[PDB]
Amino acid sequence: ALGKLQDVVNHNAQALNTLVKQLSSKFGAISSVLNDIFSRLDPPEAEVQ
Amino acid sequence: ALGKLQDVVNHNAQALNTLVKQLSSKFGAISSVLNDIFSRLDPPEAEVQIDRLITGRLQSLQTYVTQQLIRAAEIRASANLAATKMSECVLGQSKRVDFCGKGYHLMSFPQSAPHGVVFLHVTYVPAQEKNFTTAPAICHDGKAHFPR
Amino acid sequence: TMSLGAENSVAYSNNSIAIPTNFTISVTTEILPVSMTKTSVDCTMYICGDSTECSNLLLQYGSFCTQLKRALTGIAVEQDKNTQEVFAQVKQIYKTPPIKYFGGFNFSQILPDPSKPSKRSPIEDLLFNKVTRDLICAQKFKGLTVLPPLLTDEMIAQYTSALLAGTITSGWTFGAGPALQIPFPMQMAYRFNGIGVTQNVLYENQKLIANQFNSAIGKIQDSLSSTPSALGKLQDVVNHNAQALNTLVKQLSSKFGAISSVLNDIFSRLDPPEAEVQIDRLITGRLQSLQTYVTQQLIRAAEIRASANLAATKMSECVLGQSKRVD
Amino acid sequence: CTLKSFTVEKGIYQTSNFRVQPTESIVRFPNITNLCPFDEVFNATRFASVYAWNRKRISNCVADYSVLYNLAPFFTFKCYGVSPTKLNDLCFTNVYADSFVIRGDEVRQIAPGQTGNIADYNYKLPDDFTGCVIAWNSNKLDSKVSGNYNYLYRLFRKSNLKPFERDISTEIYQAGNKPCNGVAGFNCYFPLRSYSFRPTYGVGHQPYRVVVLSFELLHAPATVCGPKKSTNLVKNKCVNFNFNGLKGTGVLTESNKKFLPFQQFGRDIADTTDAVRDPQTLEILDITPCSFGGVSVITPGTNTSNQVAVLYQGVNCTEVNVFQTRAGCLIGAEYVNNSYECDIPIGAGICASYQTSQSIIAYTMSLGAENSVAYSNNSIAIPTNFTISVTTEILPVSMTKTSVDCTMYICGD
Amino acid sequence: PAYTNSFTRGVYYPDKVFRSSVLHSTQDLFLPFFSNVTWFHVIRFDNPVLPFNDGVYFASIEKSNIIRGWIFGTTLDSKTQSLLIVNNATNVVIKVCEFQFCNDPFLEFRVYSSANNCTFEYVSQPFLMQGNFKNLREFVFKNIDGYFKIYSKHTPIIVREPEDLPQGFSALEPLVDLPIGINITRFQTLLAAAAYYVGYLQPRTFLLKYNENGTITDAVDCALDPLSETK
Ligand SMILES: *[C@@H]1O[C@H](CO)[C@@H](O)[C@H](O)[C@H]1NC(C)=O
Ligand SMILES: *[C@@H]1O[C@H](CO)[C@@H](O)[C@H](O)[C@H]1NC(C)=O
Ligand SMILES: *[C@@H]1O[C@H](CO)[C@@H](O)[C@H](O)[C@H]1NC(C)=O
Ligand SMILES: *[C@@H]1O[C@H](CO)[C@@H](O)[C@H](O)[C@H]1NC(C)=O
Ligand SMILES: *[C@@H]1O[C@H](CO)[C@@H](O)[C@H](O)[C@H]1NC(C)=O
Ligand SMILES: *[C@@H]1O[C@H](CO)[C@@H](O)[C@H](O)[C@H]1NC(C)=O
Ligand SMILES: *[C@@H]1O[C@H](CO)[C@@H](O)[C@H](O)[C@H]1NC(C)=O
Ligand SMILES: *[C@@H]1O[C@H](CO)[C@@H](O)[C@H](O)[C@H]1NC(C)=O
Ligand SMILES: *[C@@H]1O[C@H](CO)[C@@H](O)[C@H](O)[C@H]1NC(C)=O
Ligand SMILES: *[C@@H]1O[C@H](CO)[C@@H](O)[C@H](O)[C@H]1NC(C)=O
């Protein structure tokens with residue numbers, strides 16, 4: 001019935017879920033926690049990470 | 001004449017060719033090939049080069065996907081226009097000017113085409129006109145007479 | 001709380017009809033964008049400025065300097081085509097007759113004025129006076145240029161006059177096929193006979209129709225007056241292009257993760273083994289900013305193409321004939 | 001070349017950009033001849049310790065940084081922000097030298113990032129390191145045991161130190177909330193631990209005289225710089241310039257600006273260097289880029305001819321037949337006073353085509369023929385015959401569906 | 001004591017860069033608009049020990065030579081460093097010589113506590129110092145990791161109600177940039193009517209407009225009201 005009405009809602013839901021899930025995805029780094037990288041590895045390379 | 005259909009085909013071909021050729025461009029590494037990097041350098045040093053390469057390739061793929069989405073939106077607008085024209089011209093006469101061809105629309109015959117549709121609009125075009133003296137109405141013996 | 005409107009109450013009944021007894025001719029107006037501001041960027045100058053070594057290091061990068069220029073050229077061609085599918089639908093350029101006695105009307109503010117050297121109408125004169133080191137020269141020294149349109153203002157004015165001289169002399173014949181001369185009191189009668197009103201109302205109230213039309217033209221002349229919020233749909237695209245070009249010349253002063261923001265300071269303070277580590281982050285950031293600008297320009301060009309198709313449909317239906325589509 | 005093909009179609013194609021190359025080089029530096037004396041610096045007998053730094057903010061000089069290249073063996077140069085061999089052309093504002101006799105393998109802790117005891121409560125550097133670090137083996141001069149009490153070393157502090165902050169302290173530490181009142185009781189001593197030395201000591205136990213002099217590269221008038229020369233200053237000529245380290249290209253004309261006595265440099269709307277002050281006698285200049293532009297080639301087609309027409313976009317025919325339009329300087333065509341349909345769009349309403357010898361002609365666009373439909377008070381035009389015509393429209397309806405593989409395109413086998 | 005306002009005064013050139021018709025914004029140490037100012041009548045010994053928290057906005061209203069001293073220092077008892085600055089007709093006497101400090105700051109030069117080993121001196125010729133327009137003299141101060149910047153601009157001021165900081169924008173250009181490494185955290189004036197308009201500084205974003213003559217005409221503080229925040 002509401003195909004085009006639920007389509008936009010599902011698209012927005014998927015977009016928000018992807019955007020909130022890519023925060024726990026290492027973009028080529030040691031880890032994904034900001035504090036752990038800032039404190040538990042080293043000051044200098046923390047900037048690069 | 002047949003350029004609107006070749007346009008999308010050539011655009012997709014050029015996009016695919018550019019995406020393939022993007023694999024032969026060093027994004028800041030010693031070589032485009034990955035095995036030579038993973039064989040001639042140690043893991044920690046080659047890690048930076050392979051990360052630069054994977055980042056460049058992912059960015060190129062994302063740019064391709066964005067261009068494909070924009071082109072798909074444009075082609076969806078074109079397909080909706082074509083459907084409206086086929087539904088208002090073929091499936092019945094339309095009194096819209098220039099919509100079903102230039103002139104007084106009479107018929108429209110649809111035909112298949114590669115990645116498109118080629119309509120055949122039949123239009124009524126007057127010709128061989130002559131000048132005549134006209135008037136809004138004529139006067140009778142006391143009443144008026146307008147053309148019905 | 002927002003007011004949705006007034007509160008009317010129609011009195012429905014088994015036997016009750018409302019038949020009008022007087023007409024009120026009114027002339028409204030609509031604003032539709034057609035074209036945009038064609039732009040062209042310089043890859044070897046926006047990314048690398050007076051930094052030849054930077055060009056030698058960017059040549060290794062992927063073919064990103066050839067797809068963005070191609071996209072901008074396609075956008076420019078599309079914007080140059082939108083001014084031909086709207087303002088150019090009649091092949092023969094018509095000319096208004098010398099005398100001005102079209103029925104009893106006063107088509108003097110829409111027809112071109114030969115006095116001023118612009119060959120435009122008072123309405124067009126009022127329109128071309130409200131839609132606008134300098135910033136233009138500053139953006140030029142960094143790749144961002146503005147290509148001039150194909151059809152100039154005089155050609156568009158002649159096209160609008162041709163679409164107007166064929167609408168007064170002829171009716172809807174010059175749109176379909178060859179132009180056919182028809183008196184204007186009769187053209188308006190045939191147009192009134194297309195909404196339901198018989199032709200026995202115009203010929204009996206022609207002077208009143210002429211006066212109402214003149215008053216409507218007069219009120220339209222004051223609707224596009226000093227009031228700023230009139231030509232908002234034409235200045236919005238200009239402001240968007242301006243804020244887009246300003247956001248792109250501002251990105252050249254942002255550290256994308258380097259020790260500086262000049263391509264001539266990193267290559268004069270660091271060494272080649274370490275130069276390729278801090279000079280590539282800035283290049284990557286500038287390429288991302290340019291790609292973002294190109295994507296925004298593509299979306300804007302798609303919106304402008306949709307608006308131009310709508311304007312062409314309007315010019316074809318409303319101007320080149322009569323349309324029975326409400327609103 | 002720009003589009004890979006040996007058969008180009010009929011149209012206008014952007015190829016490259018017109019640019020004028022420089023033909024000279026300006027390296028005007030501030031006229032100064034005095035040399036920074038190195039007697040009051042690390043090259044001396046009396047040294048200091050980490051308890052009391054030796055910070056000498058030197059003045060303007062022409063000291064060449066390539067002088068200590070023949071210093072004692074094992075002279076490390078870890079420049080975290082600059083390059084060692086490049087310290088011969090940059091003009092620094094002010095150099096902040098330092099001196100200390102830190103002992104042991106903790107020489108790596110002097111560099112930024114490390115959080116050793118020396119980096120915790122004996123010394124600290126900001127996270128920029130605008131200079132270099134100079135450290136060498138100091139054993140032939142510190143072999144005797146008489147320098148033990150002369151080389152101090154602080155102890156732990158209840159609070160972290162500050163970068164560029166001296167830590168001179170002589171009180172007694174107080175652990176928790178129990179003041180020992182001068183006399184050293186339990187967990188309370190004086191942070192004046194003297195380093196122990198020995199002539200025939202270990203390799204890692206030997207002290208190292210370390211110099212951590214830094215700089216500051218900014219808009220302030222530079223004082224110290226490398227030894228270079230100076231040349232004349234041209235005005236109406238696009239050349240290279242190296243004014244006070246600012247390297248770039250473009251014309252250097254005379255400006256009518258109003259630079260205040262304290263304003264040296266000058267930027268534009270986009271934060272780009274548009275004007276600079278000469279390091280010599282005060283003169284206001286204007287850094288304008290070289291005369292550039294954009295080219296465009298008008299080609300009638302590959303297999304129809306071999307002639308072309310260049311379109312220098314944004315040129316007034318006085319910066320590069322010849323035709324000056326409102327879009328550039330078209331060089332290679334001729335403007336005929338006729339009017340035809342547009343075949344090759346150029347700009348400003350002046351298209352081109354390949355018509356009759358055979359040459360590329362330029363002409364104003366023809367909007368169409370001129371028809372004058374007579375309008376009288378009583379004149380109708382009723383047609384007397386019909387001509388059925390069949391037109392055709394070409395509209396796309398679909399697109400080739402594509403699919404990509406990440407594990408095969410982004411990453412090979 | 002009293003409290004005068006600080007309407008649109010306390011703006012200075014942050015960097016040494018000429019800009020024409022721009023809208024720049026830096027996170028420097030300016031003076032908050034519409035802030036309290038410790039109005040002290042030194043006509044009467046008004047000699048407080050006001051701190052030097054992140055800067056000061058010392059101003060003065062006099063006739064000829066009333067206020068001529070801005071001695072600095074933090075622990076001014078016997079050993080701390082200081083910054084003596086008098087404005088005699090010849091030149092400035094800028095000094096950093098640590099020496100004795102007398103409790104009485106009265107001045108000719110009469111303090112002269114003690115002379116000893118110094119670290120830096122300055123005899124700069126460009127000294128820091130209509131009839132009805134007596135003087136509107138303000139002196140901005142700030143302690144950075146490097147040099148000790150000093151901003152000032154002597155402008156005429158009209159006569160009006162009892163002396164208060166007038167309304168009107170005026171940028172402060174720098175005069176001296178002497179290098180120093182002092183750890184000063186206090187303030188002390190010297191004089192032999194007065195304004196003593198001390199105003200404390202603090203970090204705040206200030207959007208400042210530059211004219212086509214290289215002069216600041218107006219500036220937002222971006223923290224006063226939501227209108228400025230939107231501006
Ligand atoms: C007339 O209208 C009323 C509503 O007011 C309705 O109830 C009634 O049935 C109608 N009668 C007829 C004959 O339509
Ligand atoms: C109709 O309304 C118009 C208002 O513009 C008025 O001028 C005219 O006299 C009216 N005519 C009749 C018959 O009411
Ligand atoms: C005929 O038309 C012309 C111009 O349209 C006008 O000047 C003239 O008065 C008209 N004559 C009559 C009788 O309507
Ligand atoms: C049309 O209106 C203008 C208004 O300025 C007037 O000057 C002109 O005389 C009018 N023309 C006719 C034919 O009424
Ligand atoms: C030396 O440099 C100063 C710096 O401004 C300048 O005023 C002076 O003219 C220069 N003298 C010579 C001989 O170049
Ligand atoms: C080109 O130069 C001529 C002569 O100096 C001048 O009149 C004209 O305005 C110039 N055109 C442009 C576009 O600069
Ligand atoms: C009308 O045109 C047709 C061809 O288009 C022609 O054969 C015919 O003679 C013309 N005249 C008529 C039908 O009266
Ligand atoms: C600041 O000035 C106002 C107005 O003069 C006064 O009421 C207030 O007590 C002063 N002090 C503080 C801390 O607000
Ligand atoms: C400067 O003086 C203040 C005042 O107590 C002090 O807290 C600080 O440690 C001193 N040193 C620096 C570098 O601020
Ligand atoms: C701005 O500078 C110009 C330069 O000629 C000068 O004429 C004008 O008086 C200046 N205006 C102000 C307000 O300083």
# chains A, B, ... in the order shown; residues from 1 in each chain; ligands from 1
>>> interface_residues(of="chain B", to="chain C", cutoff="9 Å", atoms="only C-alpha atoms", output="tab-separated table (two decimals) with N, CA and C atoms, in the first residue's frame")
chain	number	residue	atom	x	y	z
B	18	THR	N	37.37	5.38	-17.25
B	18	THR	CA	38.09	6.18	-16.28
B	18	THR	C	38.28	5.42	-14.97
B	21	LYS	N	41.02	2.94	-15.55
B	21	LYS	CA	42.33	3.56	-15.69
B	21	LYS	C	42.83	4.13	-14.37
B	22	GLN	N	41.92	4.41	-13.43
B	22	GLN	CA	42.31	4.93	-12.12
B	22	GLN	C	43.19	3.94	-11.36
B	23	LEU	N	43.18	2.67	-11.77
B	23	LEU	CA	44.02	1.65	-11.15
B	23	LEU	C	45.47	1.72	-11.62
B	24	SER	N	45.80	2.64	-12.52
B	24	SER	CA	47.16	2.77	-13.02
B	24	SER	C	47.71	4.15	-12.70
B	25	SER	N	47.47	4.63	-11.48
B	25	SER	CA	47.91	5.97	-11.07
B	25	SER	C	48.30	5.89	-9.59
B	26	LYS	N	49.58	6.11	-9.32
B	26	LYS	CA	50.10	6.09	-7.96
B	26	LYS	C	49.55	7.26	-7.16
B	27	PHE	N	48.83	6.97	-6.07
B	27	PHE	CA	48.25	8.01	-5.24
B	27	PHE	C	49.25	8.48	-4.19
B	28	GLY	N	50.54	8.24	-4.43
B	28	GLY	CA	51.57	8.63	-3.49
B	28	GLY	C	52.41	7.46	-3.02
B	56	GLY	N	42.81	6.22	-2.14
B	56	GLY	CA	42.58	6.79	-3.45
B	56	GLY	C	41.58	5.99	-4.26
B	59	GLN	N	38.08	6.53	-2.87
B	59	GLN	CA	37.57	7.84	-3.26
B	59	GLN	C	37.14	7.86	-4.72
B	60	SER	N	37.92	7.22	-5.60
B	60	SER	CA	37.52	7.14	-7.00
B	60	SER	C	36.22	6.37	-7.17
B	63	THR	N	33.36	8.57	-6.02
B	63	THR	CA	33.06	9.57	-7.04
B	63	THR	C	32.27	8.96	-8.19
B	66	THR	N	28.70	8.45	-7.04
B	66	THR	CA	27.96	9.71	-6.99
B	66	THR	C	27.56	10.16	-8.39
B	67	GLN	N	28.49	10.08	-9.35
B	67	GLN	CA	28.17	10.43	-10.73
B	67	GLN	C	27.07	9.53	-11.28
B	70	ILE	N	23.70	10.68	-9.80
B	70	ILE	CA	23.21	11.89	-10.45
B	70	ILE	C	22.67	11.57	-11.85
B	73	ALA	N	19.35	9.84	-11.57
B	73	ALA	CA	18.28	10.79	-11.30
B	73	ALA	C	17.86	11.52	-12.57
B	74	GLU	N	18.84	11.95	-13.36
B	74	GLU	CA	18.52	12.62	-14.63
B	74	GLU	C	17.75	11.69	-15.56
B	77	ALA	N	14.15	11.33	-14.39
B	77	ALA	CA	13.36	12.46	-14.86
B	77	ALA	C	13.00	12.31	-16.33
B	95	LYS	N	-4.34	18.24	-26.28
B	95	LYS	CA	-4.45	19.61	-26.76
B	95	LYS	C	-3.34	20.50	-26.21
B	96	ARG	N	-2.21	19.91	-25.82
B	96	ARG	CA	-1.07	20.66	-25.31
B	96	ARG	C	-0.15	21.01	-26.47
B	97	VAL	N	0.22	22.29	-26.56
B	97	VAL	CA	1.04	22.74	-27.68
B	97	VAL	C	2.48	22.27	-27.50
B	98	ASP	N	3.05	21.75	-28.59
B	98	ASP	CA	4.45	21.35	-28.70
B	98	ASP	C	4.74	20.08	-27.90
B	99	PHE	N	3.76	19.61	-27.14
B	99	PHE	CA	3.94	18.41	-26.32
B	99	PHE	C	4.03	17.17	-27.19
B	102	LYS	N	5.33	19.33	-32.88
B	102	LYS	CA	5.09	20.72	-33.24
B	102	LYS	C	3.89	20.79	-34.17
B	103	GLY	N	2.82	21.44	-33.72
B	103	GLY	CA	1.60	21.56	-34.49
B	103	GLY	C	0.43	20.90	-33.79
B	104	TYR	N	-0.71	20.95	-34.48
B	104	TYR	CA	-1.93	20.33	-33.95
B	104	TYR	C	-1.78	18.82	-33.91
B	123	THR	N	1.22	15.50	-36.82
B	123	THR	CA	0.79	16.86	-36.52
B	123	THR	C	0.05	17.44	-37.72
B	124	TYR	N	-0.98	18.23	-37.43
B	124	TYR	CA	-1.75	18.93	-38.44
B	124	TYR	C	-1.16	20.33	-38.62
B	125	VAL	N	-0.63	20.60	-39.81
B	125	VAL	CA	0.03	21.86	-40.11
B	125	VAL	C	-0.71	22.54	-41.26
B	126	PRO	N	-1.38	23.66	-41.01
B	126	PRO	CA	-2.06	24.37	-42.09
B	126	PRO	C	-1.06	24.97	-43.07
B	127	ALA	N	-1.53	25.22	-44.29
B	127	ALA	CA	-0.70	25.80	-45.33
B	127	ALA	C	-1.60	26.44	-46.38
B	129	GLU	N	-2.47	29.78	-47.04
B	129	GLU	CA	-3.45	30.69	-46.47
B	129	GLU	C	-3.70	31.86	-47.41
B	131	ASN	N	-5.65	35.97	-47.51
B	131	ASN	CA	-6.16	37.07	-46.71
B	131	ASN	C	-7.61	37.37	-47.07
B	134	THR	N	-12.58	40.50	-42.57
B	134	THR	CA	-13.41	39.90	-41.53
B	134	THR	C	-14.17	40.96	-40.74
B	135	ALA	N	-15.01	40.51	-39.81
B	135	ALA	CA	-15.80	41.40	-38.97
B	135	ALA	C	-16.26	40.65	-37.72
B	136	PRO	N	-16.39	41.33	-36.58
B	136	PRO	CA	-16.86	40.65	-35.36
B	136	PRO	C	-18.25	40.06	-35.52
B	137	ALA	N	-19.18	40.86	-36.02
B	137	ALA	CA	-20.56	40.43	-36.23
B	137	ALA	C	-21.18	41.20	-37.38
B	146	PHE	N	-23.76	36.92	-34.14
B	146	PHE	CA	-22.37	36.52	-33.93
B	146	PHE	C	-22.15	35.10	-34.44
B	147	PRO	N	-20.94	34.80	-34.93
B	147	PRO	CA	-20.65	33.44	-35.39
B	147	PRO	C	-20.67	32.43	-34.24
B	148	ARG	N	-21.49	31.39	-34.37
B	148	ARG	CA	-21.60	30.37	-33.33
B	148	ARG	C	-20.28	29.63	-33.14
>>> residues_around(residues="range 19-31 of chain A", least_positions_apart="5", cutoff="10 Å", atoms="only C-alpha atoms", output="short mmCIF file (atom, residue, chain, number, x, y, z; two decimals) with N, CA, C and O atoms, in the first residue's frame")
data_model
loop_
_atom_site.label_atom_id
_atom_site.label_comp_id
_atom_site.auth_asym_id
_atom_site.auth_seq_id
_atom_site.Cartn_x
_atom_site.Cartn_y
_atom_site.Cartn_z
N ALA A 13 16.22 5.91 7.52
CA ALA A 13 16.63 5.06 8.63
C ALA A 13 17.96 4.38 8.32
O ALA A 13 18.85 4.34 9.17
N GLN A 14 18.09 3.85 7.10
CA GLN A 14 19.34 3.20 6.71
C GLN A 14 20.49 4.20 6.68
O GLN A 14 21.61 3.87 7.10
N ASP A 36 41.70 6.45 23.91
CA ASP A 36 42.70 5.39 23.86
C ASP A 36 43.83 5.76 22.91
O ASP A 36 45.00 5.50 23.20
N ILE A 37 43.49 6.35 21.77
CA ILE A 37 44.52 6.77 20.82
C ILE A 37 45.28 7.97 21.35
O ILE A 37 46.50 8.07 21.19
N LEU A 41 48.82 5.31 23.29
CA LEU A 41 49.81 4.92 22.29
C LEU A 41 51.03 5.83 22.32
O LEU A 41 52.14 5.36 22.60
N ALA A 46 49.56 10.28 17.70
CA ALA A 46 48.14 10.47 17.98
C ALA A 46 47.53 11.49 17.04
O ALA A 46 46.38 11.36 16.62
N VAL A 48 48.47 12.09 13.88
CA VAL A 48 48.32 11.44 12.59
C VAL A 48 47.11 10.51 12.62
O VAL A 48 46.32 10.46 11.68
N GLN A 49 46.96 9.76 13.72
CA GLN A 49 45.86 8.81 13.82
C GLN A 49 44.51 9.53 13.85
O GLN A 49 43.58 9.15 13.14
N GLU B 47 52.71 -0.37 4.71
CA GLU B 47 51.36 -0.10 5.20
C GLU B 47 50.88 1.29 4.79
O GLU B 47 49.73 1.47 4.38
N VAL B 48 51.77 2.28 4.89
CA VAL B 48 51.40 3.65 4.52
C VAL B 48 51.06 3.72 3.03
O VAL B 48 50.07 4.34 2.63
N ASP B 51 47.78 1.93 2.30
CA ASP B 51 46.68 2.75 2.80
C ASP B 51 46.39 3.92 1.87
O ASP B 51 45.22 4.22 1.60
N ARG B 52 47.43 4.60 1.39
CA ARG B 52 47.22 5.67 0.41
C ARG B 52 46.54 5.13 -0.84
O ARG B 52 45.61 5.76 -1.37
N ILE B 54 44.61 2.37 -1.18
CA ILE B 54 43.24 1.96 -0.93
C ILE B 54 42.35 3.18 -0.72
O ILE B 54 41.19 3.18 -1.14
N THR B 55 42.88 4.24 -0.11
CA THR B 55 42.10 5.46 0.07
C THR B 55 41.80 6.12 -1.27
O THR B 55 40.67 6.54 -1.52
#
>>> select_by_dssp(residues="range 9-168 of chain E", states="strand (DSSP E or B)", output="ChimeraX atom specification")
/E:9-12,17-18,22-26,37-39,56-60,67-69,84,86,95,106,121,136-141,147,150-152,155
>>> write_last_selection(atoms="C-alpha atoms", output="PDB file, in the first residue's frame")
ATOM      1  CA  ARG E   9      36.926  50.231  23.287  1.00  0.00           C
ATOM      2  CA  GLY E  10      39.678  47.655  23.679  1.00  0.00           C
ATOM      3  CA  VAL E  11      40.265  46.472  20.108  1.00  0.00           C
ATOM      4  CA  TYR E  12      43.791  46.131  18.706  1.00  0.00           C
ATOM      5  CA  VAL E  17      49.132  41.755   8.252  1.00  0.00           C
ATOM      6  CA  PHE E  18      47.576  44.469   6.096  1.00  0.00           C
ATOM      7  CA  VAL E  22      37.897  41.905   4.856  1.00  0.00           C
ATOM      8  CA  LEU E  23      36.056  40.274   7.766  1.00  0.00           C
ATOM      9  CA  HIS E  24      38.610  38.396   9.877  1.00  0.00           C
ATOM     10  CA  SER E  25      38.149  36.649  13.232  1.00  0.00           C
ATOM     11  CA  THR E  26      40.901  35.396  15.554  1.00  0.00           C
ATOM     12  CA  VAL E  37      36.424  48.738  34.756  1.00  0.00           C
ATOM     13  CA  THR E  38      38.017  49.533  38.131  1.00  0.00           C
ATOM     14  CA  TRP E  39      37.732  53.318  38.107  1.00  0.00           C
ATOM     15  CA  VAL E  56      45.243  44.834  31.257  1.00  0.00           C
ATOM     16  CA  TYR E  57      43.647  47.875  29.582  1.00  0.00           C
ATOM     17  CA  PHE E  58      45.274  50.739  31.499  1.00  0.00           C
ATOM     18  CA  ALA E  59      43.927  54.135  30.435  1.00  0.00           C
ATOM     19  CA  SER E  60      44.487  57.661  31.718  1.00  0.00           C
ATOM     20  CA  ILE E  67      50.477  59.647  35.176  1.00  0.00           C
ATOM     21  CA  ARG E  68      53.968  58.687  33.993  1.00  0.00           C
ATOM     22  CA  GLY E  69      54.632  55.211  35.382  1.00  0.00           C
ATOM     23  CA  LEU E  84      60.066  50.170  34.810  1.00  0.00           C
ATOM     24  CA  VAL E  86      58.714  56.382  32.580  1.00  0.00           C
ATOM     25  CA  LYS E  95      64.300  48.073  32.204  1.00  0.00           C
ATOM     26  CA  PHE E 106      55.681  58.137  44.605  1.00  0.00           C
ATOM     27  CA  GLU E 121      67.536  47.649  28.937  1.00  0.00           C
ATOM     28  CA  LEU E 136      42.342  60.177  25.717  1.00  0.00           C
ATOM     29  CA  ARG E 137      45.288  57.871  26.379  1.00  0.00           C
ATOM     30  CA  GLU E 138      44.908  54.103  26.732  1.00  0.00           C
ATOM     31  CA  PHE E 139      47.607  51.449  27.057  1.00  0.00           C
ATOM     32  CA  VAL E 140      46.950  47.777  26.280  1.00  0.00           C
ATOM     33  CA  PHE E 141      49.320  45.230  27.828  1.00  0.00           C
ATOM     34  CA  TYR E 147      57.971  39.625  23.597  1.00  0.00           C
ATOM     35  CA  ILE E 150      52.331  47.279  24.244  1.00  0.00           C
ATOM     36  CA  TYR E 151      49.459  48.928  22.362  1.00  0.00           C
ATOM     37  CA  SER E 152      48.490  52.591  22.668  1.00  0.00           C
ATOM     38  CA  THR E 155      43.490  60.639  20.650  1.00  0.00           C
TER      39      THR E 155
END
>>> closest_atom_pairs(of="chain C", to="chain D", cutoff="7 Å", atoms="only C-alpha atoms", output="JSON lines")
{"residue": "C:50", "atom": "CA", "partner": "D:249", "partner_atom": "CA", "distance": 5.7}
{"residue": "C:91", "atom": "CA", "partner": "D:368", "partner_atom": "CA", "distance": 5.5}
{"residue": "C:92", "atom": "CA", "partner": "D:369", "partner_atom": "CA", "distance": 4.9}
{"residue": "C:93", "atom": "CA", "partner": "D:370", "partner_atom": "CA", "distance": 5.1}
{"residue": "C:94", "atom": "CA", "partner": "D:371", "partner_atom": "CA", "distance": 5.0}
{"residue": "C:95", "atom": "CA", "partner": "D:372", "partner_atom": "CA", "distance": 5.4}
{"residue": "C:97", "atom": "CA", "partner": "D:374", "partner_atom": "CA", "distance": 6.8}
{"residue": "C:148", "atom": "CA", "partner": "D:347", "partner_atom": "CA", "distance": 6.2}
{"residue": "C:149", "atom": "CA", "partner": "D:347", "partner_atom": "CA", "distance": 6.1}
{"residue": "C:150", "atom": "CA", "partner": "D:347", "partner_atom": "CA", "distance": 4.6}
{"residue": "C:151", "atom": "CA", "partner": "D:349", "partner_atom": "CA", "distance": 5.3}
{"residue": "C:152", "atom": "CA", "partner": "D:348", "partner_atom": "CA", "distance": 5.8}
{"residue": "C:169", "atom": "CA", "partner": "D:375", "partner_atom": "CA", "distance": 5.7}
{"residue": "C:180", "atom": "CA", "partner": "D:381", "partner_atom": "CA", "distance": 5.1}
{"residue": "C:181", "atom": "CA", "partner": "D:381", "partner_atom": "CA", "distance": 5.4}
{"residue": "C:182", "atom": "CA", "partner": "D:380", "partner_atom": "CA", "distance": 4.9}
{"residue": "C:183", "atom": "CA", "partner": "D:377", "partner_atom": "CA", "distance": 6.1}
{"residue": "C:249", "atom": "CA", "partner": "D:270", "partner_atom": "CA", "distance": 5.6}
{"residue": "C:250", "atom": "CA", "partner": "D:270", "partner_atom": "CA", "distance": 5.5}
{"residue": "C:253", "atom": "CA", "partner": "D:271", "partner_atom": "CA", "distance": 6.3}
{"residue": "C:264", "atom": "CA", "partner": "D:247", "partner_atom": "CA", "distance": 6.0}
{"residue": "C:269", "atom": "CA", "partner": "D:82", "partner_atom": "CA", "distance": 5.3}
{"residue": "C:270", "atom": "CA", "partner": "D:83", "partner_atom": "CA", "distance": 4.7}
{"residue": "C:271", "atom": "CA", "partner": "D:83", "partner_atom": "CA", "distance": 5.7}
>>> residues_around(residues="residue 106 in chain B", least_positions_apart="6", cutoff="9 Å", atoms="only C-alpha atoms", output="VMD selection string")
chain B and resid 89 92 to 94 100 121 to 124
>>> write_last_selection(atoms="C-alpha atoms", output="mmCIF file, in the first residue's frame")
data_model
loop_
_atom_site.group_PDB
_atom_site.id
_atom_site.type_symbol
_atom_site.label_atom_id
_atom_site.label_comp_id
_atom_site.auth_asym_id
_atom_site.auth_seq_id
_atom_site.Cartn_x
_atom_site.Cartn_y
_atom_site.Cartn_z
ATOM 1 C CA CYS B 89 -0.028 11.353 -26.801
ATOM 2 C CA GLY B 92 -5.364 9.618 -26.547
ATOM 3 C CA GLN B 93 -5.175 13.000 -28.248
ATOM 4 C CA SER B 94 -3.659 15.906 -26.313
ATOM 5 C CA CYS B 100 2.963 15.780 -28.900
ATOM 6 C CA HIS B 121 4.018 12.267 -33.685
ATOM 7 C CA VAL B 122 1.478 13.128 -36.388
ATOM 8 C CA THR B 123 0.786 16.857 -36.523
ATOM 9 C CA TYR B 124 -1.748 18.934 -38.444
#
